[PDB]
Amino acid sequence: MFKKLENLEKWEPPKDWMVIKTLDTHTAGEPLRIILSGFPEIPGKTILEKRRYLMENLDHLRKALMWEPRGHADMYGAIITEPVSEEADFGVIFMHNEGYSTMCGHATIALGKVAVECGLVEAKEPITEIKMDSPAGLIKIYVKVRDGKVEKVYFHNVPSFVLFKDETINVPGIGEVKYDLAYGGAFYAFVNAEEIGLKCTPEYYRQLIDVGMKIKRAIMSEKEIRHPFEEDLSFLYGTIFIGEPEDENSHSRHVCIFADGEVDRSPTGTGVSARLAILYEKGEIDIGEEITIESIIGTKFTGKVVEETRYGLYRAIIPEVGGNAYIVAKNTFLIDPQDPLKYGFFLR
């Protein structure tokens, strides 16, 4: 019987079943579902064109993988494509509970870890470089390797800058909220949790979603959020609550509310990128000064300003974010043609 049961592991579905193979990771608790097979080729000369193809043709499959029952409200995914730039190893479109997504730091860390750990690139010591065409632009991944093992994954992000500083907005049913709006490969409104009467802790999970989504919708309806070069990137990704650090060597804590009330269990890599831009512009950190930022579950990333730059009319930085990721599953997702919930459903 126990053999029959184990042998179910070699059960093969009918030939009219859709099969999608994935490698799942967590980065600081935040999942990445890496699609290995079962998607068609994604035409487009740019990553943003590829992202448009996916949004217009393959959003059913995004739901099938990100939504219950195969996923959940807080699941996050990656489609790997051929590079579109001269120097990049691969291209990527991310996905979440609401759609196909722009750049994401926790996912970049996971992709760097698996590239070296699983032997897709040679494990060079002390540093392996991988280049990735993201929807936001070119990302440089630096994997720290010792004795053929990954010690840490860093990336250097696209230019990160402050859009708005020390704004106030009237949030219906909440009141006056003070925010900075910064770009770290995505746009975020940063607010102080304690000033709003919240903590960046599990016991405030529901209130962080509710208040974060109201702040997000209020800023989206009142402010133009313009990427200097790309209409498709010109939108608010989320609200990030800044909280006091739990641990002595931590700078601060992040809770990112993004997509459709999705919550990042990581400190958010694009979030740390945008935060470094704010702290740098305010003269609160210097070039080469490493800080540590926590998540709602006390997981951590490092952040550091690498250098100064310009991006359109903005003063900008190249930020470094550091972390690590672990493989948690190899999944074969199956879609029964008779399944009435084949493309999943959404509760949160």
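In case it trips you up, residue 1 is the first one in the sequence shown, and so on.
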Taking the deposited Cα B-factors and averaging over 335-343 and over 10-18, the higher mean is found in 10-18
Looking only at C-alpha temperature factors in the entry, 223-231 or 177-185, the higher average sits in 223-231
Entry record, C-alpha B-factors for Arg33, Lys300, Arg70, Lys282; the maximum is at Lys282
One of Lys165, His251, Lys152, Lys131 has the largest Cα B-factor in the entry, namely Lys165
Assert third(CA B-factor, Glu320) within chain per record equals lowest
Here the Cα B-factor of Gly243, set against its chain, lands in the third termed middle
Tertile call for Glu56 (CA temperature factor, within chain, third-based) is the highest
By the entry's values, the third containing the CA B factor of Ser101 is the highest
Assert third(CA B-factor, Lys50) within chain per record equals highest
